[PDB]
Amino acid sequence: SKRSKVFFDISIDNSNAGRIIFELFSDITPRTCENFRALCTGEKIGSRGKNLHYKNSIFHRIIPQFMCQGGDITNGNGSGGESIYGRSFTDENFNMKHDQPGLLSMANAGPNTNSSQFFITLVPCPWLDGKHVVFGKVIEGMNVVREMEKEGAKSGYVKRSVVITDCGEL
């Protein structure tokens, strides 16, 4: 259809937690969604010679009652990341807001610095509206997201391994 459908199979503490299925707002933020979709299928090659892929990447920062962050496919700690458009790409638009849990939004390091890192909201995050591009939402597997929330801490550090064991487009 108009909007792409992608998924993450999540492993927590080396144990399958289930699948998260996302609906990408391809009709509102095409460039942003295409980047995420391509990173789920691993169809593009990065600047390091490896194909950009969320498979086996981890959720390095989870803060209960805030959000789950991942996508650092280069360093796995937040300092890295890479998009199919290069180290970073411009903010498409901020039409969609973080008005509810289960939203897929781009993490960044200030204006126009989107790469591969993203976060899934656990509550409404109004203070991020206009600063982070919301490009999708969870349509199935919110229980898995809640399972991940359980692994976070106020510091954000994730004591037990939260990994994406598989991913792709549906």
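All residue numbers are counted from 1 along the displayed sequence.
Judged by mean Cα B factor in the deposited record, 38-46 ranks above the other of 58-66 and 38-46. Stretches 47-55 and 25-33 differ in mean CA B factor, with 47-55 having the higher one. In the PDB entry, a CA B factor belonging to the lowest third of its chain's modelled residues is recorded for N93. Split the chain's modelled residues into thirds by C-alpha temperature factor. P111 is in the middle one. In this PDB entry, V158 carries a Cα temperature factor that places it within the middle third of its chain's modelled residues.
When the CA B factors of the chain's modelled residues are split into thirds, the value for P101 lands in the highest one.
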